[PDB]
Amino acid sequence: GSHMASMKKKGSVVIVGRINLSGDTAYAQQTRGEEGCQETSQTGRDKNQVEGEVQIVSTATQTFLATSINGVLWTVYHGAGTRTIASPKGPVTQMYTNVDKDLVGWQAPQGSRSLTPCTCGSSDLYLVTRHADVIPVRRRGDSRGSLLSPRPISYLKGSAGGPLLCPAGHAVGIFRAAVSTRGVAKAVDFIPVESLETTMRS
């Protein structure tokens, strides 16, 4: 049994900022502070204007990234779970949920812009972090790339759900997890865009 009257629900994922990639300079912009984030997570009602391809998103416990590709805002299951996302009309249910791929998605919010999936086959990639660093990554397999310059795992914490891009700025994948030893990240695991395309039926 249980005390049914006191049963709580997890809040929505809330967009709290974006990574601006539109000019020649990448930078993180915050669009909501912590108090507003908490309120918005509970109501699921977010009237803020959305712009851009890469959103900074938060739950009650974590902050990470989400990336629009082909009109779907994608992120990692390990960050978002099965949560709704806050929107101007209230909570929006996930359109895709795949724990096996560590992948979830919602319909892309009005005002967002989407990346296009890469078709170039290039192995020279670029990872965009939550701090708007653009880090060169050499692709090493279907789902892995090496950092040209290794760094402490702290640097990548909170970047899950962000994009890996080809030289032409098309989406190659979604960052999933760092590969590290003794706290040093030398590589990254990612969800390849073809996996998203198959999920979408595109």
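Counting begins at 1, following the sequence as shown.
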{"property": "Stretch with the higher entry mean CA B-factor, where the candidates are 26-34 and 148-156", "result": "148-156"}
{"property": "Stretch exceeding the other in mean C-alpha B-factor - 99-107, 123-131", "result": "123-131"}
{"property": "Candidate set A60, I56, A177, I69 [ranked by C-alpha B-factor, highest]", "result": "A60"}
{"property": "Chain-wide C-alpha B factor ranking for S143, given as lowest, middle or highest third", "result": "lowest"}
{"property": "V16 CA temperature factor, ranked by third within the chain", "result": "lowest"}
{"property": "Ranked against its chain, the third holding the CA B-factor of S114", "result": "middle"}
{"property": "Within-chain third of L65 by Cα B-factor, per the entry", "result": "lowest"}
{"property": "Record-listed C-alpha B factor of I191: chain third", "result": "lowest"}
